[PDB]
Each structure stands twice: as C-alpha cells, then as structure tokens.
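Notes for the one structure printed next.
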Amino acid sequence: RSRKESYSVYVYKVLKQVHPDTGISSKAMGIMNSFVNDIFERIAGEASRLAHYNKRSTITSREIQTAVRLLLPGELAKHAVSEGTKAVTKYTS
Amino acid sequence: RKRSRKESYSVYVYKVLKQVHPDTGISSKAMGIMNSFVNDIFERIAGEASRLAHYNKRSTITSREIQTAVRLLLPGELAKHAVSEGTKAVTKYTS
Amino acid sequence: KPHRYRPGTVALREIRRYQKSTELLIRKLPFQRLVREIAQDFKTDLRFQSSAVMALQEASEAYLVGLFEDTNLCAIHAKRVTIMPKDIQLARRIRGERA
Amino acid sequence: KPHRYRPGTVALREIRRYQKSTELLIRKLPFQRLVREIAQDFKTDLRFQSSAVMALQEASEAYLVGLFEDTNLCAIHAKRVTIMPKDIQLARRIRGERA
Amino acid sequence: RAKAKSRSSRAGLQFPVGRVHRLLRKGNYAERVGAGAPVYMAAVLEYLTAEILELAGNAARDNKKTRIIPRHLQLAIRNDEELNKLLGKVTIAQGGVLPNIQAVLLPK
Amino acid sequence: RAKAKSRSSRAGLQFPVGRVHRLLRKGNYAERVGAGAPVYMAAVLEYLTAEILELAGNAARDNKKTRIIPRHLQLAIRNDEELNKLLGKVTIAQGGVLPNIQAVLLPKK
Amino acid sequence: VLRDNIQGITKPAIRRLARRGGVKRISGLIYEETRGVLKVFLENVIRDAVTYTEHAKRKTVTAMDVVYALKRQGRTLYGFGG
Amino acid sequence: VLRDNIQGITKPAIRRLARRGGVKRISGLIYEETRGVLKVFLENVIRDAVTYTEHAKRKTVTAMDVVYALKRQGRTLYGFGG
DNA sequence: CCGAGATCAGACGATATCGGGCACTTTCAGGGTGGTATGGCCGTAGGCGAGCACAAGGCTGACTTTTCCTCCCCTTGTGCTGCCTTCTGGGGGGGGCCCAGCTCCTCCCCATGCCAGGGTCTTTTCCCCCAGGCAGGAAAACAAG
DNA sequence: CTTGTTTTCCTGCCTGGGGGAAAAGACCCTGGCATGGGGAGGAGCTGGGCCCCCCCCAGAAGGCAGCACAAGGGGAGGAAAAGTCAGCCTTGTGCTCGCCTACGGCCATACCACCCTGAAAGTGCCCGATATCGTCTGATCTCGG
C-alpha cells in the first residue's frame with residue numbers, strides 16, 4: 001500500500017478563495033495539477049541552467065526571479081515577480 | 001599573474017579527423033563549431049538520461065540510460081550505429 | 001417537391017456544432033486497433049493501458065484539428081475554400097514536419 | 001541601342017551568387033546601431049561584446065533567410081512569383097509566431 | 001516573521017513551501033538550494049494558479065455552470081492572450097477548441 | 001581489456017572518458033554516475049564527430065580545399081538526411097545555405 | 001488488428017475533424033493524405049513511448065510513457081497524469 | 001544611436017537576403033514588413049540576453065549571453081562558443 | 001418581401017453519479033544543534049570596449065523604360081455537397097482468467113570519498129605552406145536579326 | 001538558327017597570415033584503500049488488461065440529383081526590374097582613455113546533515129444535490145414563390 005501526492009489540497013484552497021461558489025471536476029483537477037507540475041519543472045530547470053551558467057552551486061531567489069522573467073510573458077512576469085517578492089519579504093521578516 | 005585555463009574538445013576532434021581523413025586540416029572557426037556540437041549533444045543526451053533515471057526513480061545514470069537516450073534522440077541509422085559503437089566500447093572496456 | 005438545404009449551410013452548421021463540442025470525433029475501437037497495429041512493428045505482445053490509448057487518441061485528435069486549422073489558411077491563401085492535399089503538404093512543410 | 005538583360009535573369013544570377021556565398025548581407029554598422037537602439041529600451045548604458053553583436057547579426061540573417069524560404073513557398077502555392085506581405089504573415093502564422 | 005509556525009503560513013501562501021523545497025532539493029537542480037527559493041516558487045505557482053482558476057470560473061459562470069470542467073480551463077487559457085502564449089504548445093485533454101469561423105467561409 | 005593506463009585507451013576511444021565522467025558528475029544530472037556511462041557517451045560523441053568530419057571532409061574535397069571551413073560542415077549537415085534531422089534547429093555561423101532554386105522560378109521554352 | 005486498420009479512420013471521422021478545424025469544403029484526397037499524416041505521427045509517438053516501456057523493463061504501455069513521449073516531441077499533454 | 005535606426009536594413013540588404021532565400025521577385029511592400037519582423041525578432045532575443053546580463057550582475061552583453069538567449073528559443077547557434 | 005419547414009433554444013420533472021465533507025493514520029515537514037564551505041566584500045590590474053580623425057570607394061538612393069506579371073471577368077464541367085436507404089460494427093453489459101506490475105527482505109557488488117603522483121591537456125612561439133588576390137585568356141550563356 | 005556582348009571560370013604568379021608542431025608547466029585523472037547504500041534477485045499478492053458472448057441501433061457506405069466552385073483562358077494596366085549617375089557613409093587604420101570584469105585573499109553566516117515529534121494530508125466511507133436526459137413547446141434561420 002502506497003500513497004501519492006498532488007497539488008489537490010492546495011488548488012482547491014485557492015479556488016475557494018478566488019471563486020467561493022464554483023467547484024471543480026476530477027479531470028479538471030488533474031489538468032490543473034499537470035499545469036503546476038509543468039510550470040514547476042520549467043522554472044526549476046531554468047534556474048538550474050542559470051546557476052550552472054554563473055558558476056554558482058546554490059539556487060537562490062534571484063535565480064527563480066530571473067527564471068520567471070525569462071519564462072513568463074510581460075504582465076504575467078510583472079505580477080509573478082511582485083508576488084514572489086512580497087512573499088519572500090514577509091517570510092524573511 | 002596567470003590567466004585561467006580553458007578546456008575544449010579540440011584535441012580529440014583533431015585526432016578523429018586525422019583518423020577519418022588523414023590529409024585535410026580544420027580551420028579555427030570550424031573547430032569552434034565542432035566544439036559546440038559535441039557539447040550540445042552531450043547536454044542533450046545527459047539531460048535525457050537524467051530525466052529517464054528520474055522517471056523510474058533511479059539515482060544512478062548508467063549505460064542503459066545512455067543507450068535509451070541515444071535511441072530516443074537520434075534518427076534511425078544514426079541511433080543504430082551509435083548504440084552499436086557504444087555497446088562495443090563498453091564491452092571492450094569491461095573485458 | 002421536398003425542402004432542400006443549399007450547399008454550404010449544413011457544412012457551416014456542422015462546423016458550429018463540432019467547435020462547441022468536446023467529444024472524441026474518431027471511433028474508439030478502430031483507433032485502438034490501429035495503435036495496437038503500429039506498436040507491433042516496434043515490439044510484439046505489447047499490453048496497452050486504456051489510459052494510454054485514450055492519451056494517444058486525444059493527442060492525435062488535437063494534432064489533426066490543429067493541422068486542419070492551418071490547411072484552411074493555406075487554402076484561403078490560394079483564393080479557395082476547398083482544402084486539398086497540396087495545402088496539407090505546404091502546412092506541414094512550413095511547420096517543419098516535412099522540410 | 002545598347003545591350004539590356006531580360007527581366008528575371010539577373011534575379012536568378014543574384015540568387016545563385018548569394019546562395020553560393022557565406023558572407024553577411026546586412027552591413028555591420030547599421031545593424032550594430034539597430035541592436036544598440038533596441039537594447040536601450042531594456043537597460044540604459046549597455047556595453048556590447050563585439051562577438052555578441054556579430055552573433056546577433058548571424059542569427060538575424062539566418063532567421064530572415066529561413067523565413068524568406070517559407071514566404072517563397074507560399075508565393076508559389078498561391079500561383080505567383082512575387083512575394084507580398086500577406087505571404088510573410090501566413091508563413092509566420094503557420095510556423096507559430098502570430099498564432 | 002517571528003511566529004514559529006508552518007513555512008507556508010509564515011509566508012502567507014496556500015501552496016506547500018516544504019514540499020516545494022523538498023522537490024527542489026531532490027530533483028537534482030543544484031548542489032544547494034537556498035531558503036527563499038521555495039518561498040518564491042510557491043508564490044509564483046500560487047499566482048499562476050489563481051490567474052487560471054479565476055478565468056475558468058468566469059467561463060463556468062458564463063455557461064450557467066457551477067463546476068469547472070476541462071472545457072472551461074481551455075476556454076480561459078485560449079481566450080487570455082498571455083496564458084495562450086505561456087501554454088502555447090499544451091494540449092488540454094477534453095478541452096476542444098475555441099469557436100472560430102473564417103469570415104471568407106460565411107454566406108454573402 | 002585489462003590494463004593500468006588511461007580509461008580512454010582501455011576502451012579504444014579518442015575522446016576523454018575521464019572528462020566525460022567529470023562533466024556528468026558535476027553537471028547535476030544524477031546523484032550517481034555508473035562506470036560505463038562515460039564510456040558510452042565518449043563513444044557516441046566520437047561516432048557523431050567522425051560522421052560529420054567525414055562528410056565535411058568529402059565536401060571540402062569536392063571544393064578543392066585542404067582545410068575544413070564552416071561552409072563545408074553546413075553542406076555536409078544539410079546534405080545528409082539523417083544529420084539534418086538531428087541538427088534541424090541549429091545555425092552554423094558563416095555556414096550559408098544549401099543552393100536551391102524552385103522549378104517554377106526558372107526560364108521556360 | 002494485424003492488417004489494414006488505417007481504414008478504421010472512416011471518412012466521416014476525418015470530415016468531423018476537419019469541421020472542428022473550421023474547414024467548409026474538403027476534396028476527395030484529403031482522406032488518404034490525412035490517413036498518411038495520422039500514421040506518420042502515431043508511428044513516432046508509439047515508438048518514443050515503447051522506448052520508455054522497454055527501458056522500464058515493462059510489457060504494458062502505461063499512460064505516463066505516452067505522456068513523456070508526447071512531451072519530448074513538444075506536444076505537452078495535460079490531463080492524463082503528470 | 002537613439003532614434004530611427006531601423007532604416008539601416010536598407011532595401012538592397014533585404015533584397016540580398018531574399019535572393020539568398022531563393023526569392024525571384026519581390027513586391028514593394030515587403031521591406032517595411034521585413035523590417036518589422038526583424039525588429040520583433042531582435043526585441044525578443046535581446047530582451048533575454050539583457051536579462052542574462054543583469055542576472056550576472058554585469059554591464060556588458062556577452063556572446064555567451066546572446067548564444068544562451070538564442071538557445072532558449074530553440075534557435076541554437078554554433079560557432080561563438082557554448 | 002411573403003409564407004412553410006427544419007433546427008436550435010429554453011424549461012421543468014427526475015435520476016443517478018460524482019463532488020464534498022468526516023474520521024484514522026502515517027509519513028513527511030519542522031524545531032534544535034553542530035559544522036563547514038560557499039559566496040560576499042575589498043583590493044589590483046589590464047584587457048578590451050568605447051570615442052575620434054581621415055580618406056576613398058564601394059554601395060546606396062534616385063530617375064527612366066518597359067516588359068511581364070498580377071488582377072479581373074467569363075465560362076464550363078467536374079467534383080463536391082446534401083439526402084435516403086442498408087446494413088454492419090462499435091458501444092455496452094456481464095463473466096472468467098491469468099499474467100504482469102508493485103511491494104518487501106537479503107546482501108553484495110558497485111559507486112563514492114580522500115590522498116599521493118604524474119602524464120595528459122593548456123598556453124605561447126614560430127615558421128612555412130595553403131588560401132586569397134589579381135591579371136590575362138578562354139569559355140559560356142543570353143538576347144535581338 | 002548565327003554573331004555580338006557581357007559574365008564566369010580557369011590558370012599562373014605573388015603574397016601574407018594562420019595552422020600545425022615544439023616547449024614548459026600545471027592540474028586533474030588514475031591508482032589504492034575503506035565504506036555505505038542502492039538495486040538485483042527471489043518470492044508473494046492481486047489489479048487490471050485480455051478474451052469471449054449477446055444485443056441493438058447509430059453511424060458509415062453507397063447512390064442519385066444537381067449545383068457551385070476550381071480552373072483554364074483572354075485582356076489591361078501598373079509596378080518591379082534593369083540600367084545609368086551622383087553622392088554619402090562604411091570600413092579600414094590608427095590613436096587614446098578609462099571602465100569594467102575577472103582574479104586573489106579572507107571570513108561569516110547560511111545551508112546540509114541528524115535527531116525526534118507532531119500535525120498535515122492521503123485514503124476510505126458516505127450522503128446529498130447538480131448535470132444530464134426526455135419531452136414539450138417557443139423562437140429563429142433558411143429557402144422557394
């Protein structure tokens with residue numbers, strides 16, 4: 001007997017925060033977990049390539065920010081960078 | 001003080017060149033291109049093997065992963081010959 | 001004499017009906033029988049998850065729709081509405097699948 | 001009257017000349033100025049390694065040469081010889097730059 | 001933050017900072033992973049989550065439906081110009097296509 | 001074959017098995033790298049290099065040149081069908097393009 | 001399934017696929033041309049997936065093998081795991 | 001080098017690029033479209049090259065930055081390193 | 001502009017199936033402590049990137065002729081669409097079976113980590129040969145009688 | 001079909017500049033030894049993929065009428081192309097400066113590793129309540145007269 005992990009306990013908590021009236025189907029939850037798994041790999045791979053290019057051995061926040069800037073379109077990158085910076089600033093202090 | 005040293009495949013590309021075509025040289029720009037080609041297909045095969053070993057929850061990259069990455073990345077005859085030469089090299093290195 | 005629809009109207013109605021839908025437009029068994037035929041030349045006695053054959057179907061059906069969405073533009077560029085094999089070949093070559 | 005060539009033979013002569021060669025067709029300085037003007041919108045007081053500008057020129061010329069091959073195919077598909085901006089738009093849309 | 005609680009609550013997110021850190025550490029991306037990288041990633045992912053869920057809920061409400069299906073996600077992604085650029089080579093299963101007919105193929 | 005020498009000469013390759021092993025180790029591909037993975041890659045890369053350096057040598061001999069220039073490599077790559085597939089999205093600096101004229105754009109009778 | 005199931009993709013099915021792409025009129029050779037195009041693409045996918053299947057020392061082709069084969073070709077697929 | 005430098009890729013240069021591309025005849029509106037296309041492509045590549053330069057905490061855009069930016073968009077360039 | 005006829009749209013009864021919530025657990029995240037090693041900071045140097053005269057000459061910008069290519073209109077017949085009828089086979093339910101994929105326990109051969117040592121790879125000189133340039137000659141397409 | 005007219009290839013001579021070999025060094029690969037740990041292998045369980053059977057009715061296949069669109073042909077004009085002629089701005093050379101990137105040395109604090117506990121979430125169970133089907137009209141679109 002084994003258990004699996006997914007972003008289903010967390011997508012359904014953002015869905016009930018942004019639209020607290022609509023639900024979601026199992027197939028939609030699977031698609032929306034595949035989306036998170038794809039974007040995570042994209043950003044992580046780009047940050048890894050950046051760190052390897054700059055001869056660094058540590059993936060900091062300034063590598064994730066650069067990966068986000070490279071990977072997302074204009075407004076998406078502008079809002080994602082600000083959200084990440086706010087989260088980091090509140091987490092640190 | 002000293003200048004940091006750089007590394008490239010320009011000693012082995014020329015060795016292979018003098019084996020397959022003894023009398024022709026290679027220009028500097030052509031050697032620079034052949035240096036990026038080897039790095040490119042090295043990175044492609046290494047990344048494919050890494051993802052391959054992650055899919056089956058393996059921690060070791062092996063000749064099996066390299067062979068499967070070669071079979072996944074190259075066209076038909078190229079993959080056939082590359083797999084055969086790699087298998088021969090591994091068999092000779094072990095025997 | 002009975003009532004008849006002029007050509008083109010039924011085609012547009014079908015376009016509107018199939019663009020608002022989501023269902024699979026290829027029968028499942030004839031596609032599974034083709035997948036289990038293509039896989040034999042690569043490896044014999046292969047088993048196939050129903051999820052795997054469904055993934056193959058919903059990938060091929062999005063490939064073919066996306067290809068016809070380019071063949072239509074290739075037909076319109078030639079001042080046509082009928083789509084011909086030359087249009088598909090041009091679309092694929094420009095995409096890069098034929099070079 | 002003096003000797004004059006028929007329209008369309010110098011075009012093929014130029015095609016063969018510029019296909020047999022490997023030179024760069026855009027003059028270096030006007031492209032360098034273009035690159036420097038473009039990069040200022042991103043960040044001011046930007047220095048460029050000469051190899052970086054040369055790499056940008058080679059990539060841009062390769063891009064344009066490859067795009068004109070897709071444009072000529074569209075122009076031939078439309079039963080034409082002359083390429084027009086609609087051909088470039090169709091080629092870019094199909095290859096995936098305009099969607 | 002001075003309060004000693006979970007790292008997602010400490011950052012104000014709804015995504016798992018701990019498991020994002022574990023995935024960054026065990027995915028073999030670099031020899032070392034900083035402490036703020038998981039926080040940044042679990043805030044970019046949670047924003048990209050709410051950018052698609054909001055539009056999919058809008059699409060669901062536009063069709064008198066109280067549940068989000070793959071069709072709603074596809075409609076949102078393909079109708080939003082930025083998300084269609086991000087997921088431009090992504091096939092949403094059971095999503096269909098946008099309703100679109102060329103103006104030349106309509107009766108005159 | 002059993003020897004106490006370089007691992008490249010132990011396997012019969014002109015490419016550095018040690019360097020390929022080190023690049024795999026410090027490339028963040030996997031935690032562990034087997035013993036036969038660098039030997040396999042140093043032979044796949046060597047075979048591909050030999051293929052291209054033979055086709056480009058043939059192209060250079062077809063142009064009465066003793067030296068290989070980027071145009072010769074471009075000609076070899078774009079004239080080999082199975083190599084053009086491997087390098088279909090690759091630009092060769094100062095490589096030019098394959099000479100070709102469409103049959104429509106030619107003089108008629 | 002051994003012989004000649006490429007004709008299991010009936011002409012009405014190809015017409016429906018064309019209609020979903022906005023096609024108003026279809027010639028009489030699009031069907032054969034599309035069957036060829038379908039086979040060429042399926043041959044690539046059900047080969048890149050069987051490669052994973054024999055790399056895992058398995059005889060069943062799981063949905064993850066197909067998903068990875070599609071992802072490696074640039075055609076990422078959402079909904080079938082991952 | 002501040003204003004109106006796109007009119008440096010002159011009509012003869014665009015004509016030579018098309019001649020190398022195999023184009024036998026060119027319409028007179030092709031040049032103002034090829035200029036927009038080149039500007040868009042360069043604005044896409046330099047936007048990533050400058051991002052790499054800023055991340056490296058540098059003030060000079062390097063050939064490695066350009067090569068990596070080109071590689072990112074599936075336009076790998078051989079010859080300048082990497 | 002006029003009236004039929006087909007087709008889509010809205011709405012209410014209802015029925016099942018699937019989303020959503022509650023409890024057990026079990027397994028992974030978090031707190032505390034140690035240790036070290038990577039990255040930040042200061043200082044130095046010089047390499048290379050930027051800026052400026054100065055040709056000259058090759059390249060670009062503009063005007064003329066005109067030819068031929070694009071564009072439009074006409075007409076035909078052919079291939080495509082639309083509807084009807086037949087019949088087949090895909091979809092669905094129900095049952096049986098056996099193989100293959102997942103899990104667990106042993107341990108053992110393989111990969112890793114660290115030190116000593118040299119042999120292979122890197123950088124600087126240099127020179128001689130191959131490639132570039134150029135002038136004169138022959139050949140080869142091209143177009144107008 | 002010829003002759004005249006440009007453009008291109010060929011060949012010999014001159015030259016220069018860059019590639020291949022040699023020399024010194026330094027740095028990383030290899031050999032040796034000790035150690036943990038992942039995976040190879042042998043069982044076991046059981047989930048699911050395969051095979052079979054029976055039924056139906058929904059959809060594909062063939063055909064017929066007929067019509068509208070692809071395609072060939074003719075005419076018109078306008079707009080690129082080819083060829084001169086004038087100027088301009090690119091490029092190559094040379095000279096100057098200083099800014100920025102890379103290297104070296106030092107250290108401090110941030111991240112890995114390890115030890116435990118608890119709480120988050122993963123799974124299973126259950127219930128209600130929304131999406132769909134079905135029938136009935138109502139509105140709208142299409143096409144002949």
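Just so we're on the same page: first chain in the structure tokens is A, next is B, and so on; residues restart at 1 for each chain, and ligands are numbered from 1 in the order they show up.
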
Exercise for the section: Could you give me, as an NGL selection string, each residue of segment 20-59 of chain F that DSSP assigns to helix (DSSP H, G or I) when run on this structure's backbone? Expected result: :F and (20-25 or 37-59)

Handout entry: 10 Å contact set for residue 13 of chain G, only C-alpha atoms (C1' of nucleotides), chain neighbours under 5 positions out, as a PyMOL selection string
Key = (chain C and resi 24-27) or (chain G and resi 8+18-19+31) or (chain J and resi 60)

File dump, residues just selected, N, CA and C atoms (P, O5', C5', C4', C3', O3' and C1' of nucleotides), as an mmCIF file, in the first residue's frame:
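Generated output (out.cif):
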data_model
loop_
_atom_site.group_PDB
_atom_site.id
_atom_site.type_symbol
_atom_site.label_atom_id
_atom_site.label_comp_id
_atom_site.auth_asym_id
_atom_site.auth_seq_id
_atom_site.Cartn_x
_atom_site.Cartn_y
_atom_site.Cartn_z
ATOM 1 N N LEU C 24 -14.929 13.005 -28.543
ATOM 2 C CA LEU C 24 -13.970 12.420 -29.466
ATOM 3 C C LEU C 24 -14.636 12.210 -30.821
ATOM 4 N N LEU C 25 -13.948 12.626 -31.884
ATOM 5 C CA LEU C 25 -14.505 12.578 -33.230
ATOM 6 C C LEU C 25 -14.037 11.363 -34.021
ATOM 7 N N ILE C 26 -13.256 10.478 -33.410
ATOM 8 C CA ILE C 26 -12.844 9.220 -34.020
ATOM 9 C C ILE C 26 -13.353 8.083 -33.149
ATOM 10 N N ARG C 27 -13.950 7.078 -33.783
ATOM 11 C CA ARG C 27 -14.451 5.928 -33.044
ATOM 12 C C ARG C 27 -13.310 5.238 -32.306
ATOM 13 N N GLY G 8 -9.822 2.185 -40.533
ATOM 14 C CA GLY G 8 -10.756 2.303 -39.434
ATOM 15 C C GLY G 8 -11.030 3.760 -39.131
ATOM 16 N N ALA G 18 -12.048 17.768 -39.669
ATOM 17 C CA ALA G 18 -11.924 18.963 -40.493
ATOM 18 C C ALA G 18 -12.914 20.046 -40.089
ATOM 19 N N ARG G 19 -14.159 19.669 -39.785
ATOM 20 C CA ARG G 19 -15.150 20.637 -39.336
ATOM 21 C C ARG G 19 -14.762 21.290 -38.020
ATOM 22 N N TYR G 31 -8.686 12.543 -47.395
ATOM 23 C CA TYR G 31 -8.835 11.382 -46.529
ATOM 24 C C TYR G 31 -7.590 10.501 -46.543
ATOM 25 P P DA J 60 -19.788 7.768 -38.642
ATOM 26 O "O5'" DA J 60 -19.253 6.919 -39.885
ATOM 27 C "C5'" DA J 60 -18.651 5.654 -39.664
ATOM 28 C "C4'" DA J 60 -19.013 4.665 -40.762
ATOM 29 C "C3'" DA J 60 -18.702 5.111 -42.186
ATOM 30 O "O3'" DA J 60 -18.319 3.973 -42.934
ATOM 31 C "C1'" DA J 60 -20.973 4.625 -42.031
#

Practice task
Excluding residue 62 of chain A and residues on its chain fewer than 5 positions from it, collect all residues at most 12 Å away from it, counting only C-alpha atoms (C1' of nucleotides), and give them as a list in words.
Solution key: residues 47, 48, 50, 51, 56, 67, 68, 69, 81, 84, 85 and 88 of chain A; 33, 34, 35, 36, 37, 38, 39, 40 and 41 of chain E; 51, 52, 54, 55, 56 and 57 of chain H

Show me, as a Markdown table, the residues of chain E having an atom within 12 Å of chain B, each with the closest atom pair and its distance in Å, using only C-alpha atoms.
| residue | atom | partner | partner_atom | distance |
| --- | --- | --- | --- | --- |
| E:26 | CA | B:54 | CA | 10.0 |
| E:27 | CA | B:54 | CA | 8.1 |
| E:28 | CA | B:50 | CA | 9.1 |
| E:29 | CA | B:50 | CA | 10.8 |

Env of residue 6 of chain G: 8 Å cut, atoms = only C-alpha atoms (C1' of nucleotides), seq-sep filter 4 positions within chain, self excluded. Answer as a compact mmCIF listing (two decimals) with N, CA, C and O atoms, in the first residue's frame.
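Result file follows (around16.txt):
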# COMPACT_ATOMS: atom_id res chain seq x y z
N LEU C 34 -5.75 0.34 -34.54
CA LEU C 34 -4.63 0.92 -35.28
C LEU C 34 -3.41 1.16 -34.41
O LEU C 34 -2.28 0.96 -34.88
N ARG G 35 -4.87 10.15 -43.52
CA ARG G 35 -4.50 8.84 -43.01
C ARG G 35 -2.99 8.64 -43.01
O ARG G 35 -2.43 8.14 -42.03
N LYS G 39 -0.79 8.29 -39.61
CA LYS G 39 0.09 7.16 -39.36
C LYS G 39 1.52 7.61 -39.08
O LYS G 39 2.18 7.03 -38.21

Exercise for the section: Within 8 Å of residue 32 of chain E, counting only C-alpha atoms (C1' of nucleotides), which residues show up once you throw out same-chain ones fewer than 2 positions away? Write them as JSON, numbers by chain, please. Expected result: {"A": [57, 58, 59], "E": [25, 30, 34], "J": [111]}

Mind writing the picked residues with N, CA and C atoms (P, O5', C5', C4', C3', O3' and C1' of nucleotides) as a PDB file, in the first residue's frame?
ATOM      1  N   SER A  57      26.578  27.279  -7.120  1.00  0.00           N
ATOM      2  CA  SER A  57      26.113  25.969  -6.683  1.00  0.00           C
ATOM      3  C   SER A  57      24.893  26.072  -5.776  1.00  0.00           C
ATOM      4  N   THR A  58      24.251  27.234  -5.729  1.00  0.00           N
ATOM      5  CA  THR A  58      23.107  27.455  -4.856  1.00  0.00           C
ATOM      6  C   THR A  58      22.014  28.146  -5.654  1.00  0.00           C
ATOM      7  N   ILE A  59      20.792  27.628  -5.566  1.00  0.00           N
ATOM      8  CA  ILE A  59      19.641  28.224  -6.236  1.00  0.00           C
ATOM      9  C   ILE A  59      18.978  29.164  -5.234  1.00  0.00           C
TER      10      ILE A  59
ATOM     11  N   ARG E  25      15.154  20.219  -3.816  1.00  0.00           N
ATOM     12  CA  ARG E  25      16.344  19.563  -3.291  1.00  0.00           C
ATOM     13  C   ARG E  25      16.584  18.186  -3.881  1.00  0.00           C
ATOM     14  N   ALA E  30      20.510  21.771  -8.358  1.00  0.00           N
ATOM     15  CA  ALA E  30      21.804  22.310  -7.966  1.00  0.00           C
ATOM     16  C   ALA E  30      22.234  21.601  -6.690  1.00  0.00           C
ATOM     17  N   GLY E  34      18.684  27.442  -1.761  1.00  0.00           N
ATOM     18  CA  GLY E  34      18.515  28.469  -0.759  1.00  0.00           C
ATOM     19  C   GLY E  34      17.199  28.319  -0.016  1.00  0.00           C
TER      20      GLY E  34
ATOM     21  P    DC J 111      20.535  29.648   2.787  1.00  0.00           P
ATOM     22  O5'  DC J 111      20.795  28.114   2.427  1.00  0.00           O
ATOM     23  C5'  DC J 111      21.927  27.761   1.650  1.00  0.00           C
ATOM     24  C4'  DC J 111      22.468  26.407   2.064  1.00  0.00           C
ATOM     25  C3'  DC J 111      21.410  25.328   2.291  1.00  0.00           C
ATOM     26  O3'  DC J 111      21.858  24.108   1.736  1.00  0.00           O
ATOM     27  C1'  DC J 111      22.769  25.516   4.197  1.00  0.00           C
TER      28       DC J 111
END

Quick one: which chain I residues come within 10 Å of chain H, and what is the nearest atom pair for each with the distance in Å to one decimal, counting only C-alpha atoms (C1' of nucleotides), rows ordered by chain and ascending number, as CSV?
residue,atom,partner,partner_atom,distance
I:49,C1',H:60,CA,9.1
I:59,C1',H:12,CA,9.5
I:60,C1',H:12,CA,7.8
I:69,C1',H:25,CA,9.8

Any chance you can output those residues with C-alpha atoms (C1' of nucleotides) as a compact mmCIF listing (two decimals), in the first residue's frame?
# COMPACT_ATOMS: atom_id res chain seq x y z
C1' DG I 49 35.27 48.30 -25.20
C1' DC I 59 27.49 50.91 -52.03
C1' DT I 60 23.11 53.08 -51.84
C1' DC I 69 3.41 39.67 -64.07

Practice task
Give the residues of chain J that lie within 9 Å of chain A; count only C-alpha atoms (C1' of nucleotides), and format the answer as a VMD selection string.
Solution key: chain J and resid 121 to 123

Practice task
as a list in words, list the residues of chain A assigned to strand (DSSP E) by DSSP on the backbone atoms of this structure.
Solution key: residues 23, 24, 58 and 59 of chain A

Completion exercise
Min atom-atom distance to residue 75 of chain F from the set D:71, D:16, D:4, D:22, counting only C-alpha atoms, belongs to D:22

Practice task
For chain B, work out the contacting residues on chain F at 8 Å, counting only C-alpha atoms, and write them as an MDAnalysis selection string.
Solution key: chainID F and resid 1:2 7 10:16 24 29:37 39:41 43:50 53:54 57 66:70 73 82 85:86 92:93

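Counting only C-alpha atoms, the residue from E:76, E:2, E:31, E:101 that sits nearest to chain F is E:31.
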
Practice task
Just need the residues of chain C within 9 Å of chain E, counting only C-alpha atoms, so spit them out as a PyMOL selection string.
Solution key: chain C and resi 8-9+12+15-16+18-24+55+58-59+62+65+72-73+76+81

Exercise for the section: Kindly provide, as a PyMOL selection string, the residues of chain F having any atom no farther than 12 Å from an atom of chain C, counting only C-alpha atoms. Expected result: chain F and resi 78+81+84-85+88-89

Export of the given selection (N, CA, C and O atoms) as a PDB file, in the first residue's frame:
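See out.pdb below for the written result:
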ATOM      1  N   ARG F  78      23.447  19.657 -44.045  1.00  0.00           N
ATOM      2  CA  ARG F  78      22.190  19.837 -44.762  1.00  0.00           C
ATOM      3  C   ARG F  78      22.063  18.921 -45.971  1.00  0.00           C
ATOM      4  O   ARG F  78      20.974  18.835 -46.546  1.00  0.00           O
ATOM      5  N   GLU F  81      20.632  13.426 -44.866  1.00  0.00           N
ATOM      6  CA  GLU F  81      19.241  13.467 -44.425  1.00  0.00           C
ATOM      7  C   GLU F  81      19.105  13.169 -42.939  1.00  0.00           C
ATOM      8  O   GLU F  81      18.292  13.802 -42.255  1.00  0.00           O
ATOM      9  N   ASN F  84      20.709  16.284 -40.914  1.00  0.00           N
ATOM     10  CA  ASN F  84      19.822  17.435 -40.941  1.00  0.00           C
ATOM     11  C   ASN F  84      18.652  17.289 -39.981  1.00  0.00           C
ATOM     12  O   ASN F  84      18.156  18.300 -39.476  1.00  0.00           O
ATOM     13  N   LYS F  85      18.200  16.062 -39.724  1.00  0.00           N
ATOM     14  CA  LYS F  85      17.166  15.804 -38.734  1.00  0.00           C
ATOM     15  C   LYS F  85      17.672  16.015 -37.315  1.00  0.00           C
ATOM     16  O   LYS F  85      16.940  16.535 -36.467  1.00  0.00           O
ATOM     17  N   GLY F  88      18.247  20.060 -37.025  1.00  0.00           N
ATOM     18  CA  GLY F  88      17.263  20.825 -37.771  1.00  0.00           C
ATOM     19  C   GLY F  88      17.007  22.219 -37.249  1.00  0.00           C
ATOM     20  O   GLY F  88      16.541  23.074 -38.008  1.00  0.00           O
ATOM     21  N   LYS F  89      17.295  22.472 -35.972  1.00  0.00           N
ATOM     22  CA  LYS F  89      17.082  23.778 -35.360  1.00  0.00           C
ATOM     23  C   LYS F  89      18.398  24.447 -34.977  1.00  0.00           C
ATOM     24  O   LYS F  89      18.449  25.229 -34.025  1.00  0.00           O
TER      25      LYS F  89
END
